[PDB]
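Read through the structure below, which is laid out as structure tokens, and then see the notes.
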Amino acid sequence: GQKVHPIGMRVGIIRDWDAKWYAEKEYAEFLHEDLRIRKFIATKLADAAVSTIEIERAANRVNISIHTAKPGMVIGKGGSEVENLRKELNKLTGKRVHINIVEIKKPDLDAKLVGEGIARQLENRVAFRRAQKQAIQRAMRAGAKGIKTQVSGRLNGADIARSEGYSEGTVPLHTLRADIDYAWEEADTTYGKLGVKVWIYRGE
Amino acid sequence: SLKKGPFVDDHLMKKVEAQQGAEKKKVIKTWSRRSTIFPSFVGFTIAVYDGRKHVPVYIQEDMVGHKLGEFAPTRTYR
Amino acid sequence: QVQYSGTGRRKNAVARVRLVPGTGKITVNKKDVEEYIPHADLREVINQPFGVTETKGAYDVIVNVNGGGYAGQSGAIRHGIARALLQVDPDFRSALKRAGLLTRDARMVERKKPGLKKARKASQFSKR
Amino acid sequence: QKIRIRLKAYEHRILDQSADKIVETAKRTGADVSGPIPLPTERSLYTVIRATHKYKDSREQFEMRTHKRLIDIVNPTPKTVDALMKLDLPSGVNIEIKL
Amino acid sequence: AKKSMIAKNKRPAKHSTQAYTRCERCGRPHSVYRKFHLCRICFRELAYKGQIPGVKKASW
Amino acid sequence: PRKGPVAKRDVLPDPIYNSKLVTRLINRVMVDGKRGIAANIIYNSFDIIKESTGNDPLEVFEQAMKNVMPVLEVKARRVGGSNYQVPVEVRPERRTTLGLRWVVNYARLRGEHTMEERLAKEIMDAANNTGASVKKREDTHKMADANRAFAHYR
RNA sequence: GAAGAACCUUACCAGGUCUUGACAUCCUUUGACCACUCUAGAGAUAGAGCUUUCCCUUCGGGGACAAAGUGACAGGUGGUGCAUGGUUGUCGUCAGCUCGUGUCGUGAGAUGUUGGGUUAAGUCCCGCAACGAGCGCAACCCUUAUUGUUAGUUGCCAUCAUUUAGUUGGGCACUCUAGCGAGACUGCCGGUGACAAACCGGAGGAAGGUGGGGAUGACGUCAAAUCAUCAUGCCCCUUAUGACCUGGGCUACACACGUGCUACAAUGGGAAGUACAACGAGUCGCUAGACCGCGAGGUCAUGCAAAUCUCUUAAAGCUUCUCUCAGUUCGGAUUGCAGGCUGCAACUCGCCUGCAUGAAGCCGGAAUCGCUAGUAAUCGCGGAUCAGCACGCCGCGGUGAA
Ligand SMILES: [Zn+2]
């Protein structure tokens, strides 16, 4: 109970938020509307698996977007699913939604689907060591300078937790011109919960 | 308060307005914690309910500046 | 007409000095040497650089400063004489500097940390 | 001269780059621009503890910075008024217009 | 007994001095920010999520 | 402290008396920086000296520096835990510290029913061989070479 | 934690109750739903009436839910931080903790990481059987101490006039604000020191040897604490533990202890005048001017989306008499009265003024702790949760020891 969440250190220095906003005269409404966006496309994320979700505002229109990892999973064939999700969202939005869907180039840059996939093999009965090692090896075969893991729970179908998961390369944590990424997931087969504190590093 | 309008609860007032010039009754079960007294209330005996068990009290003429709940506390102190 | 311009910044109070050749006075908020100030308007405090340059002088001062108490914005008086002698005499500047007279105090109110009472005053460690 | 607008947002660089864009469009059709006035940037305070059940002393605070810009225009023309009534881009930054 | 007090405050009040507010995703009655309509600790955490507009860390 | 030595911050003289140690006497009674009450009634007390058995305040301040002057000092420097000390040679820094602390904290001990007549009689005592602060110099002369029974194995 | 207990907030008792229930899925009547008042009631409620009115149609149905009754139930601040995730304390800002090639020992293992002087520091130099590579540390990040240029309003007073005011003639002159820069980095010099680090002294400089301060806490150490933020497997119920109302109470006092405030006095008071900022808050929220009050305040009515205007011209000093040494012009404890304001209402259970008794306290015993400088010690301003409710909190400024 001693570390500082690193994504809160680098925010407001080199990175930017999910908001090009000056929230005046309607604050909690857009707040717990963005939260409704989060709770409503939460069921849309099991197969589509976007990473970054950006919001902008037009004159009287809502201009948001999604950055997915897989192109055809939500754009469909001739715009079938996109218009349907616009219609589903417009009842929660109450304003003209106008979106765009961007395919990531070189699509293994994400740290979100890394956590989602390691939670997938952890919820599909794989032991703890070689899953983490094959995760860091397949990240190295793509190319990344450092990947750390601090796993806990009721590990490998047994009793009281550990704090393990091992690494590769040099990794600047305490520097500030670093651009490091972090994620925490919830993951469980049946024994309580086994979270994953994952880490990557790409190099400036 | 009282001089910028007496604070007496209206439907309990309507319970005691029904028997203004009538005989002094024995029991009126109520809650009796919010309404104060202005002197046209003399003579009654209204069951003051503390919160657990109601205890009645009769009414003289001297009661001019307080409520009914100032005599049945919430203590049971012994 | 002849007048001077000397600014001074101590204890969060800028002090523009409209120095004019006179006999040695002050119109601070257009008020004289004790129309604004109590008895703590001391000689070596205020009139220090007159003993090294323009001895004994002096010239009459016009100034408008607020910020600090009586002893705080009086500390801004020395910067006015410093910048005035900076304007006037280049050769006495070394006698000023070797006597100091220009080293601005970089001190403000100290940052007061949470978890404690004050900037440094920790709470009473009531152990037992 | 009967034209003035305000520019208010969080940061500084997007505000004054958009201010230079609209100053460009203003003094293009005419002349006589005033200053892109920096406003002294009102600041907020918050004070939030770190833990849930105990440990009040572990503070972790947050604040807000809100830069503001005022723009006046001297000796206008109908063309700069048309530029300021049909162009409010960028949309990520909000402005406060008058005349 | 928590789900009664979530739907409790969405009523119009019985009289004027019962208009107390709380968070919306959670239900903390103490230390809610009326300019946020969020509680204490969810402001810190969702601020670390990088989703609240504005707010940065503070050092001076 | 533990690492090494440290500075001492010598005081500036007065722009009225033109004497440094008078400022050192000023800066030991003054509570909360209240120069307005305490220092001015010290001025009043030395002018009481000037009006009764005195001519100039600087000379009688030097006369007080005579008759209060700590000539020696001890400091408890244990080795094995026991009461171990020796009459050390006093620094004129720490001489002024001890003597003016005697004067000021005996003006605390005096406590007369006028807020400057306690100061007036205090400096009439400390300037003219009387008062228990001069007798504190006497008692400082006393324990000088009286704890010497355990101060000759040095 | 509880950043505001008069009900609610609220867990805990007394009374009045209900059971696909307020909540979660759907059918069904297919209704437009709610809108509108009366009787009694502590209400939860028991009992009535009005219009309420298809809100798309290739006239089919589904787009509206009060509603009706139902199923699988929903649900639970009931345990489980010693099954959990997460989050936070802890040494502690502590500098420690590792790896590859070469080499030693039969082997577990060792050498880098040891010996001298250097720094706040595993930072650096010289000797090293070790040659090289890391996380930490420093470091870039913010604030702020100095200045240049750029920008002048709602701010500033250079050239002068009017002034109750800097009104508008005047521009950003000084100032100020914020934009890019320059800046303090052993940057240069003398000596010590092997010529090595480093040290002692200078010059310039506003800032000299990382300027002051913040953000940033490695491996781990401690079954530390959190199921009362939320998720959460396991054991329990679901005509009740789930849900709705009225009064209470978490504010009671036979005692002990931790914390904050006030004097215990001739460094304290009263009459008089006279001063000096910063951070902010602000359009059902802050009040210009005037009136009337011992007063809490009320009244007419103006401004204010902010560099304009409201809190908002801060206090201890400065100069006179004073109580002139007392339970006292030290001090104000509890009590009767005039009230004032918030609220649906201030006995339980808000705060404040004034009038009237003038309590105790007459400098604190072991044992303690804060702190090495615009800091201790001391005096004022604003803000939060908030209709009202600070000796607490979080900042800001004023005087300023050893
Ligand atoms: Zn919350």
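Labels used: A, B, ... for chains in the order of the structure tokens, numbers from 1 for residues in each chain, and numbers from 1 for ligands as shown.
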Review point. Can you list, as a VMD selection string, every protein, DNA or RNA residue that comes within 12 Å of segment 66-69 of chain C when you count only C-alpha atoms (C1' of nucleotides), leaving out same-chain residues fewer than 2 positions away?
Key: (chain C and resid 8 to 16 28 to 29 36 to 38 40 63 to 64 71 to 77 108 to 109) or (chain G and resid 275 to 278 314 to 317 374 379 397 to 400)
**Study point:** Distance query segment 87-100 of chain G at most 6 Å, only C-alpha atoms (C1' of nucleotides), self and fewer than 2 positions along chain excluded, as JSON, numbers by chain
**Key:** {"A": [1], "D": [51], "G": [219]}
Show me, as a PDB file with C-alpha atoms (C1' of nucleotides), in the first residue's frame, the residues of chain G whose atoms get within 8 Å of chain F, using only C-alpha atoms (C1' of nucleotides) for the distance check.
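The result, written out as selection26.pdb:
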```pdb
ATOM      1  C1'   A G 266      -0.113  45.067  36.307  1.00  0.00           C
ATOM      2  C1'   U G 267       3.415  43.678  29.548  1.00  0.00           C
ATOM      3  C1'   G G 317       1.199  49.545  16.845  1.00  0.00           C
ATOM      4  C1'   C G 325      -2.455  46.490  42.231  1.00  0.00           C
ATOM      5  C1'   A G 377       5.835  32.528  19.530  1.00  0.00           C
ATOM      6  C1'   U G 378       1.721  35.533  18.004  1.00  0.00           C
ATOM      7  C1'   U G 399       4.531  41.157  13.526  1.00  0.00           C
ATOM      8  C1'   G G 400       8.615  38.291  14.402  1.00  0.00           C
ATOM      9  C1'   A G 401      13.095  35.427  19.367  1.00  0.00           C
ATOM     10  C1'   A G 402      16.761  32.021  21.616  1.00  0.00           C
TER      11        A G 402
END
```
Exercise for review: List all protein, DNA and RNA residues that have an atom no more than 8 Å from any atom of ligand 1, counting only C-alpha atoms (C1' of nucleotides) and all ligand atoms, and report them as a PyMOL selection string.
Suggested key: (chain E and resi 23-28+38-43) or (chain G and resi 229)
Using the selection just defined, write its residues with N, CA and C atoms (P, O5', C5', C4', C3', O3' and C1' of nucleotides) as a PDB file, in the first residue's frame.
```pdb
ATOM      1  N   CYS E  23     -23.638  10.562  -4.293  1.00  0.00           N
ATOM      2  CA  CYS E  23     -23.086  10.170  -5.577  1.00  0.00           C
ATOM      3  C   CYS E  23     -24.127   9.412  -6.392  1.00  0.00           C
ATOM      4  N   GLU E  24     -23.807   9.184  -7.663  1.00  0.00           N
ATOM      5  CA  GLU E  24     -24.758   8.524  -8.549  1.00  0.00           C
ATOM      6  C   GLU E  24     -24.332   7.094  -8.868  1.00  0.00           C
ATOM      7  N   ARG E  25     -23.046   6.881  -9.155  1.00  0.00           N
ATOM      8  CA  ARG E  25     -22.580   5.513  -9.354  1.00  0.00           C
ATOM      9  C   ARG E  25     -22.534   4.755  -8.035  1.00  0.00           C
ATOM     10  N   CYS E  26     -22.245   5.450  -6.943  1.00  0.00           N
ATOM     11  CA  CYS E  26     -22.237   4.851  -5.625  1.00  0.00           C
ATOM     12  C   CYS E  26     -23.108   5.689  -4.695  1.00  0.00           C
ATOM     13  N   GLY E  27     -23.096   5.359  -3.412  1.00  0.00           N
ATOM     14  CA  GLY E  27     -24.086   5.929  -2.527  1.00  0.00           C
ATOM     15  C   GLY E  27     -23.565   6.549  -1.252  1.00  0.00           C
ATOM     16  N   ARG E  28     -22.454   7.263  -1.318  1.00  0.00           N
ATOM     17  CA  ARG E  28     -21.888   7.838  -0.104  1.00  0.00           C
ATOM     18  C   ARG E  28     -22.675   9.074   0.314  1.00  0.00           C
ATOM     19  N   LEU E  38     -20.438  14.029  -7.268  1.00  0.00           N
ATOM     20  CA  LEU E  38     -19.653  12.838  -6.997  1.00  0.00           C
ATOM     21  C   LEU E  38     -19.231  12.857  -5.540  1.00  0.00           C
ATOM     22  N   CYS E  39     -18.940  11.674  -5.016  1.00  0.00           N
ATOM     23  CA  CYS E  39     -18.484  11.571  -3.642  1.00  0.00           C
ATOM     24  C   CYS E  39     -17.001  11.891  -3.558  1.00  0.00           C
ATOM     25  N   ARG E  40     -16.416  11.629  -2.392  1.00  0.00           N
ATOM     26  CA  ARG E  40     -14.996  11.879  -2.171  1.00  0.00           C
ATOM     27  C   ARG E  40     -14.117  10.988  -3.042  1.00  0.00           C
ATOM     28  N   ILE E  41     -14.155   9.682  -2.793  1.00  0.00           N
ATOM     29  CA  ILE E  41     -13.088   8.815  -3.268  1.00  0.00           C
ATOM     30  C   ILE E  41     -13.227   8.483  -4.749  1.00  0.00           C
ATOM     31  N   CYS E  42     -14.431   8.588  -5.309  1.00  0.00           N
ATOM     32  CA  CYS E  42     -14.582   8.301  -6.729  1.00  0.00           C
ATOM     33  C   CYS E  42     -14.057   9.441  -7.586  1.00  0.00           C
ATOM     34  N   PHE E  43     -13.988  10.652  -7.028  1.00  0.00           N
ATOM     35  CA  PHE E  43     -13.351  11.753  -7.742  1.00  0.00           C
ATOM     36  C   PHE E  43     -11.861  11.514  -7.905  1.00  0.00           C
TER      37      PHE E  43
ATOM     38  P     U G 229     -16.323   1.265   2.760  1.00  0.00           P
ATOM     39  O5'   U G 229     -17.257   1.342   1.477  1.00  0.00           O
ATOM     40  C5'   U G 229     -18.230   2.363   1.346  1.00  0.00           C
ATOM     41  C4'   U G 229     -18.365   2.781  -0.090  1.00  0.00           C
ATOM     42  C3'   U G 229     -18.732   1.672  -1.060  1.00  0.00           C
ATOM     43  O3'   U G 229     -20.124   1.408  -1.099  1.00  0.00           O
ATOM     44  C1'   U G 229     -16.916   2.906  -1.928  1.00  0.00           C
TER      45        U G 229
END
```
Please, which residues in chain D fall within 8 Å of chain A when counting only C-alpha atoms, and what is the closest atom pair and distance in Å to one decimal for each, ordered by chain then residue number, as CSV?
```
residue,atom,partner,partner_atom,distance
D:9,CA,A:22,CA,6.1
D:10,CA,A:22,CA,7.3
D:91,CA,A:58,CA,6.4
D:92,CA,A:20,CA,4.6
D:93,CA,A:21,CA,7.0
D:94,CA,A:22,CA,6.7
```
Exercise for review: Up to 9 Å from chain G, what residues of chain A turn up? Count only C-alpha atoms (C1' of nucleotides) and give them as a VMD selection string.
Suggested key: chain A and resid 1 to 4 9 13 152 to 154 159 to 161 169 to 177 184 to 187 190 to 195
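Shortest atom-to-atom contact with chain D among E:31, E:9, E:37, E:20: E:31, counting only C-alpha atoms.
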Check your understanding: Residues of chain E within 12 Å of chain A, using only C-alpha atoms, as a list in words?
Key -> residues 22, 23, 24, 25, 26, 33, 34, 35, 36, 37, 38, 43, 44, 45, 46, 47, 48, 49, 50, 51, 52, 53, 54, 55, 56, 57, 58 and 59 of chain E
Point to revise | For chain B, the nearest of the candidates G:240, G:271, G:253, G:366, counting only C-alpha atoms (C1' of nucleotides) | key: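 Closest to chain B, using only C-alpha atoms (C1' of nucleotides): G:253.
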Review point. Could you name the residues that touch residue 33 of chain B at 12 Å or less, counting only C-alpha atoms (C1' of nucleotides), but leaving out those on the same chain fewer than 6 positions away, as a list in words?
Key: residues 7, 8, 9, 12, 47, 48, 49, 50, 51, 54, 66, 67, 68, 69, 70, 71, 72, 73 and 74 of chain B; 6, 7, 42, 246, 247, 248, 345, 347, 348 and 349 of chain G
Point to revise | chain B: residues DSSP assigns to strand (DSSP E or B), reported as a list in words | key: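 Residues of chain B classed as strand (DSSP E or B): residues 29, 36, 45, 46, 47, 48, 49, 54, 55, 56, 57, 58 and 67 of chain B.
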Practice item. Please identify all polymer residues within 12 Å of residue 23 of chain B, counting only C-alpha atoms (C1' of nucleotides), omitting same-chain residues fewer than 2 positions from it, and present them as a list in words. Key: residues 16, 18, 19, 20, 21, 25, 26, 42, 43, 44 and 45 of chain B
Under the rule of at most 12 Å, produce a per-residue listing of chain G near chain E: chain, number, name, the closest pair of atoms, and the distance in Å, as a tab-separated table, using only C-alpha atoms (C1' of nucleotides).
```
residue	atom	partner	partner_atom	distance
G:1	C1'	E:30	CA	9.4
G:2	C1'	E:30	CA	6.8
G:3	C1'	E:31	CA	5.6
G:4	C1'	E:30	CA	10.1
G:6	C1'	E:17	CA	10.3
G:7	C1'	E:18	CA	8.4
G:8	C1'	E:18	CA	5.5
G:9	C1'	E:20	CA	6.8
G:10	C1'	E:29	CA	10.2
G:11	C1'	E:1	CA	9.7
G:22	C1'	E:4	CA	7.2
G:23	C1'	E:3	CA	7.0
G:74	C1'	E:3	CA	11.2
G:75	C1'	E:3	CA	8.6
G:76	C1'	E:1	CA	6.2
G:77	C1'	E:1	CA	6.5
G:78	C1'	E:1	CA	10.9
G:86	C1'	E:45	CA	11.1
G:87	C1'	E:45	CA	9.5
G:88	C1'	E:41	CA	11.5
G:141	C1'	E:59	CA	9.7
G:142	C1'	E:59	CA	5.9
G:143	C1'	E:60	CA	4.1
G:144	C1'	E:60	CA	8.5
G:212	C1'	E:60	CA	11.6
G:213	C1'	E:60	CA	7.1
G:214	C1'	E:59	CA	4.7
G:215	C1'	E:59	CA	5.5
G:216	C1'	E:59	CA	10.7
G:228	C1'	E:28	CA	9.7
G:229	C1'	E:26	CA	6.8
G:230	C1'	E:26	CA	7.4
G:241	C1'	E:1	CA	9.3
G:242	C1'	E:1	CA	7.9
G:243	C1'	E:4	CA	7.6
G:244	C1'	E:4	CA	10.3
G:342	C1'	E:17	CA	10.6
G:343	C1'	E:17	CA	7.3
G:344	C1'	E:15	CA	7.3
G:345	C1'	E:17	CA	11.2
G:384	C1'	E:33	CA	9.3
G:385	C1'	E:31	CA	6.1
G:386	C1'	E:20	CA	9.8
G:387	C1'	E:17	CA	6.9
G:388	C1'	E:17	CA	10.3
```
Exercise for review: DSSP on the backbone, then: every residue of segment 4-110 of chain C marked alpha helix (DSSP H), written as a VMD selection string.
Suggested key: chain C and resid 43 to 46 75 to 88 93 to 98
Check your understanding: Between D:56, D:79, D:86, D:98, which one has atoms that come closest to chain C, using only C-alpha atoms?
Key ->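 Of the candidates, the smallest distance to chain C is held by D:56.
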Do you know which residues are at most 7 Å from segment 61-65 of chain B counting only C-alpha atoms (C1' of nucleotides), after dropping those on the same chain fewer than 4 positions away, and could you put them as a JSON list (two decimals) with N, CA and C atoms, in the first residue's frame?
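Contents of around-v3.json, as written:
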```json
[["chain", "number", "residue", "atom", "x", "y", "z"],
["B", 36, "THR", "N", -46.72, 24.25, 19.72],
["B", 36, "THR", "CA", -46.64, 25.01, 20.96],
["B", 36, "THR", "C", -48.06, 25.30, 21.45],
["B", 37, "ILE", "N", -48.19, 26.12, 22.49],
["B", 37, "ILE", "CA", -49.47, 26.39, 23.13],
["B", 37, "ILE", "C", -49.72, 27.89, 23.13],
["B", 38, "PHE", "N", -50.91, 28.30, 22.66],
["B", 38, "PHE", "CA", -51.41, 29.63, 22.94],
["B", 38, "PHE", "C", -52.70, 29.52, 23.76],
["B", 39, "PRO", "N", -53.00, 30.51, 24.68],
["B", 39, "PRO", "CA", -53.88, 30.22, 25.83],
["B", 39, "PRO", "C", -55.33, 29.82, 25.61],
["B", 42, "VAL", "N", -57.11, 25.70, 27.27],
["B", 42, "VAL", "CA", -57.15, 25.40, 28.70],
["B", 42, "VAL", "C", -58.21, 24.35, 28.99]]
```
Revision key, fill the gap. What separates atom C1' of residue 150 of chain G and atom CA of residue 105 of chain C is a distance of 28.8 Å
Would you give me, as a Markdown table, each residue of chain D having an atom within 12 Å of an atom of chain E, along with its shortest atom pair and that distance in Å to one decimal, using only C-alpha atoms and sorting by chain and residue number?
```
| residue | atom | partner | partner_atom | distance |
| --- | --- | --- | --- | --- |
| D:9 | CA | E:54 | CA | 9.5 |
| D:10 | CA | E:54 | CA | 6.8 |
| D:11 | CA | E:54 | CA | 9.1 |
| D:43 | CA | E:58 | CA | 11.1 |
| D:44 | CA | E:55 | CA | 9.7 |
| D:45 | CA | E:58 | CA | 8.8 |
| D:46 | CA | E:58 | CA | 9.3 |
| D:47 | CA | E:40 | CA | 9.4 |
| D:48 | CA | E:40 | CA | 6.6 |
| D:49 | CA | E:41 | CA | 7.8 |
| D:50 | CA | E:41 | CA | 7.5 |
| D:51 | CA | E:41 | CA | 8.1 |
| D:52 | CA | E:41 | CA | 7.5 |
| D:53 | CA | E:41 | CA | 11.0 |
| D:59 | CA | E:44 | CA | 10.9 |
| D:60 | CA | E:44 | CA | 8.2 |
| D:61 | CA | E:58 | CA | 6.1 |
| D:62 | CA | E:57 | CA | 5.0 |
| D:63 | CA | E:58 | CA | 5.9 |
| D:64 | CA | E:55 | CA | 5.7 |
| D:65 | CA | E:54 | CA | 8.0 |
| D:66 | CA | E:54 | CA | 8.9 |
| D:67 | CA | E:54 | CA | 11.8 |
| D:92 | CA | E:53 | CA | 11.8 |
```
**Study point:** Nearby residues (only C-alpha atoms (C1' of nucleotides)) at most 9 Å from residue 81 of chain D, same-chain spacing under 6 positions excluded, as a count of residues only
**Key:** 3
